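A.B. asks: Below is a structure I'd like to ask you about.
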Amino acid sequence: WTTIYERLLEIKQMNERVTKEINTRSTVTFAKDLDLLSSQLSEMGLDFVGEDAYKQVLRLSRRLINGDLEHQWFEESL
DNA sequence: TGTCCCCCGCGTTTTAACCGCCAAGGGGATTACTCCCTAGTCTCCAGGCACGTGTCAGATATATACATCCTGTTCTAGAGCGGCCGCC
């Protein structure tokens, strides 16, 4: 219990910076013109943009417990 | 018959094997829509098969000729023997 608590504290303490970095992810216009940005996780909805990272990773953990996340993709999302 | 070096029986310490357990994700297995070319004819015709035959390379023949193997004679190296020489 305390180990999972410390892991969630490590998630939440940097969450206010990670969410700000993701929400202000300035994509390169030249990479968008040439189709160079990574859209591997954006097709299945694994992107963290436009939402809080902690609630999204709680939902991701719930579905990974449910066994329909194809776990290595969840590793890539993390 | 010998021998010695190559393999076997066993002590010891690593070393990976098998079961215990967990997901994954290509991949075997199944079902269905569709589509080409293979089953089956019609006709024929040009390549394939039966027959006849001039022929051109293989075999028989034999003196000549290879061709290597077996054997006889000689060359040269090695061990044994005897004569000569120096020392006690």
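Labels used: A, B, ... for chains in the order of the structure tokens, numbers from 1 for residues in each chain, and numbers from 1 for ligands as shown.
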Could you write out, as a ChimeraX atom specification, all the residues of chain A that DSSP marks as helix (DSSP H, G or I)?
C.D. replies: /A:2-13,15-23,29-33,53-66,72-77
A.B. asks: Write a file of the just-selected residues containing N, CA and C atoms, as a compact mmCIF listing (two decimals), in the first residue's frame.
C.D. replies:
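This is the output file result.txt:
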```txt
# COMPACT_ATOMS: atom_id res chain seq x y z
N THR A 2 1.89 1.30 0.85
CA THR A 2 2.76 2.47 0.90
C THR A 2 3.61 2.61 -0.35
N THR A 3 3.98 1.49 -0.98
CA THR A 3 4.72 1.55 -2.24
C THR A 3 3.88 2.16 -3.35
N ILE A 4 2.61 1.73 -3.47
CA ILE A 4 1.73 2.32 -4.48
C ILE A 4 1.44 3.78 -4.14
N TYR A 5 1.35 4.10 -2.84
CA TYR A 5 1.17 5.49 -2.42
C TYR A 5 2.36 6.36 -2.84
N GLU A 6 3.58 5.85 -2.66
CA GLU A 6 4.77 6.62 -3.04
C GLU A 6 4.87 6.77 -4.55
N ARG A 7 4.48 5.73 -5.29
CA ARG A 7 4.45 5.82 -6.75
C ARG A 7 3.44 6.88 -7.21
N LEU A 8 2.26 6.91 -6.59
CA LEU A 8 1.26 7.90 -6.98
C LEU A 8 1.66 9.30 -6.55
N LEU A 9 2.40 9.44 -5.44
CA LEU A 9 2.96 10.74 -5.08
C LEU A 9 4.01 11.19 -6.08
N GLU A 10 4.84 10.26 -6.57
CA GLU A 10 5.81 10.62 -7.60
C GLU A 10 5.11 11.02 -8.90
N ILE A 11 3.97 10.41 -9.20
CA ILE A 11 3.18 10.84 -10.36
C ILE A 11 2.58 12.23 -10.13
N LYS A 12 1.97 12.44 -8.96
CA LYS A 12 1.18 13.64 -8.71
C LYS A 12 2.04 14.87 -8.45
N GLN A 13 3.23 14.70 -7.86
CA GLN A 13 4.07 15.85 -7.53
C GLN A 13 4.61 16.52 -8.78
N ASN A 15 2.95 16.09 -11.66
CA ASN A 15 1.80 16.15 -12.56
C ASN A 15 1.49 17.58 -12.99
N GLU A 16 1.67 18.56 -12.10
CA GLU A 16 1.40 19.95 -12.44
C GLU A 16 2.39 20.51 -13.46
N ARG A 17 3.55 19.88 -13.62
CA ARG A 17 4.50 20.27 -14.65
C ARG A 17 4.33 19.44 -15.92
N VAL A 18 4.06 18.15 -15.77
CA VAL A 18 3.87 17.27 -16.93
C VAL A 18 2.62 17.67 -17.71
N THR A 19 1.52 17.97 -17.00
CA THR A 19 0.29 18.39 -17.67
C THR A 19 0.47 19.73 -18.37
N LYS A 20 1.24 20.64 -17.77
CA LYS A 20 1.53 21.92 -18.41
C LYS A 20 2.39 21.74 -19.66
N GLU A 21 3.36 20.82 -19.60
CA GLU A 21 4.21 20.55 -20.76
C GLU A 21 3.42 19.90 -21.89
N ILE A 22 2.52 18.98 -21.55
CA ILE A 22 1.71 18.31 -22.57
C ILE A 22 0.70 19.27 -23.18
N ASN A 23 0.06 20.10 -22.35
CA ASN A 23 -0.94 21.04 -22.85
C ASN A 23 -0.31 22.14 -23.69
N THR A 29 5.68 22.95 -37.15
CA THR A 29 4.86 23.08 -38.35
C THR A 29 5.48 22.37 -39.55
N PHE A 30 6.82 22.36 -39.64
CA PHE A 30 7.47 21.68 -40.75
C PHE A 30 7.35 20.17 -40.64
N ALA A 31 7.35 19.63 -39.41
CA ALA A 31 7.11 18.21 -39.23
C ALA A 31 5.66 17.85 -39.54
N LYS A 32 4.72 18.75 -39.24
CA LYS A 32 3.32 18.51 -39.58
C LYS A 32 3.10 18.57 -41.08
N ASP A 33 3.83 19.45 -41.77
CA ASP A 33 3.69 19.56 -43.23
C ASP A 33 4.24 18.31 -43.92
N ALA A 53 -3.42 14.58 -16.68
CA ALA A 53 -2.60 13.38 -16.81
C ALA A 53 -2.90 12.36 -15.72
N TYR A 54 -3.23 12.82 -14.51
CA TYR A 54 -3.45 11.89 -13.41
C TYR A 54 -4.75 11.10 -13.59
N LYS A 55 -5.83 11.78 -13.98
CA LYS A 55 -7.09 11.08 -14.23
C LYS A 55 -6.98 10.16 -15.44
N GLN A 56 -6.26 10.61 -16.48
CA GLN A 56 -6.06 9.79 -17.66
C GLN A 56 -5.25 8.54 -17.34
N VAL A 57 -4.22 8.67 -16.51
CA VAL A 57 -3.42 7.50 -16.17
C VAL A 57 -4.16 6.61 -15.17
N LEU A 58 -5.08 7.16 -14.37
CA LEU A 58 -5.93 6.31 -13.54
C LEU A 58 -6.88 5.48 -14.39
N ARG A 59 -7.48 6.10 -15.41
CA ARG A 59 -8.32 5.36 -16.35
C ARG A 59 -7.52 4.33 -17.14
N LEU A 60 -6.29 4.69 -17.53
CA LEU A 60 -5.41 3.76 -18.22
C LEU A 60 -5.04 2.57 -17.34
N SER A 61 -4.78 2.82 -16.06
CA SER A 61 -4.51 1.73 -15.12
C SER A 61 -5.74 0.85 -14.93
N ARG A 62 -6.93 1.46 -14.88
CA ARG A 62 -8.16 0.68 -14.76
C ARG A 62 -8.36 -0.24 -15.96
N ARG A 63 -8.14 0.28 -17.17
CA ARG A 63 -8.33 -0.54 -18.36
C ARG A 63 -7.21 -1.57 -18.51
N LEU A 64 -6.00 -1.25 -18.05
CA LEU A 64 -4.91 -2.22 -18.09
C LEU A 64 -5.15 -3.35 -17.10
N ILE A 65 -5.77 -3.04 -15.96
CA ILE A 65 -6.27 -4.09 -15.07
C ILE A 65 -7.37 -4.89 -15.75
N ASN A 66 -8.23 -4.21 -16.52
CA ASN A 66 -9.27 -4.89 -17.29
C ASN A 66 -8.70 -5.77 -18.40
N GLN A 72 2.30 -3.23 -23.80
CA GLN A 72 3.48 -2.52 -24.30
C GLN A 72 3.13 -1.15 -24.86
N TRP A 73 1.92 -0.99 -25.39
CA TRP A 73 1.47 0.34 -25.80
C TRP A 73 1.27 1.25 -24.59
N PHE A 74 0.84 0.69 -23.46
CA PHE A 74 0.73 1.48 -22.23
C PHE A 74 2.11 1.87 -21.71
N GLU A 75 3.09 0.97 -21.84
CA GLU A 75 4.48 1.32 -21.54
C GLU A 75 4.97 2.46 -22.43
N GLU A 76 4.64 2.41 -23.73
CA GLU A 76 5.05 3.47 -24.64
C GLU A 76 4.37 4.80 -24.30
N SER A 77 3.10 4.74 -23.91
CA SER A 77 2.39 5.95 -23.49
C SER A 77 3.01 6.55 -22.24
```
A.B. asks: Which residues are near range 10-23 of chain B? Cut-off 12 Å, only C-alpha atoms (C1' of nucleotides), ignore same chain within fewer than 2 positions. Put them as a short mmCIF file (atom, residue, chain, number, x, y, z; two decimals) with N, CA and C atoms (P, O5', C5', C4', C3', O3' and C1' of nucleotides), in the first residue's frame.
C.D. replies:
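Output file part_39.cif is given in full below:
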```cif
data_model
loop_
_atom_site.label_atom_id
_atom_site.label_comp_id
_atom_site.auth_asym_id
_atom_site.auth_seq_id
_atom_site.Cartn_x
_atom_site.Cartn_y
_atom_site.Cartn_z
N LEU A 64 -6.00 -1.25 -18.05
CA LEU A 64 -4.91 -2.22 -18.09
C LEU A 64 -5.15 -3.35 -17.10
N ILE A 65 -5.77 -3.04 -15.96
CA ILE A 65 -6.27 -4.09 -15.07
C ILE A 65 -7.37 -4.89 -15.75
N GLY A 67 -7.45 -5.56 -18.79
CA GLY A 67 -6.79 -6.46 -19.72
C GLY A 67 -7.08 -6.23 -21.19
N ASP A 68 -7.35 -4.99 -21.59
CA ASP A 68 -7.59 -4.63 -22.98
C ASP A 68 -6.85 -3.35 -23.34
N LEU A 69 -5.55 -3.31 -23.04
CA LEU A 69 -4.72 -2.16 -23.37
C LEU A 69 -3.49 -2.49 -24.20
N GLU A 70 -3.17 -3.78 -24.39
CA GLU A 70 -2.00 -4.23 -25.15
C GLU A 70 -0.71 -3.63 -24.58
N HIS A 71 -0.41 -4.12 -23.37
CA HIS A 71 0.38 -3.52 -22.29
C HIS A 71 1.60 -2.73 -22.77
N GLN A 72 2.30 -3.23 -23.80
CA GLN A 72 3.48 -2.52 -24.30
C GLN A 72 3.13 -1.15 -24.86
P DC B 8 34.46 -43.71 -22.74
"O5'" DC B 8 34.22 -44.14 -21.22
"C5'" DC B 8 34.52 -45.46 -20.80
"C4'" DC B 8 34.84 -45.51 -19.32
"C3'" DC B 8 33.81 -44.84 -18.40
"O3'" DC B 8 33.63 -45.64 -17.24
"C1'" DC B 8 35.92 -43.97 -17.95
P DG B 25 1.19 -7.16 -28.73
"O5'" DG B 25 2.16 -7.39 -29.99
"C5'" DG B 25 2.99 -8.54 -30.05
"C4'" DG B 25 2.39 -9.59 -30.97
"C3'" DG B 25 1.43 -9.04 -32.04
"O3'" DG B 25 1.82 -9.53 -33.32
"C1'" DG B 25 0.49 -10.89 -30.94
#
```
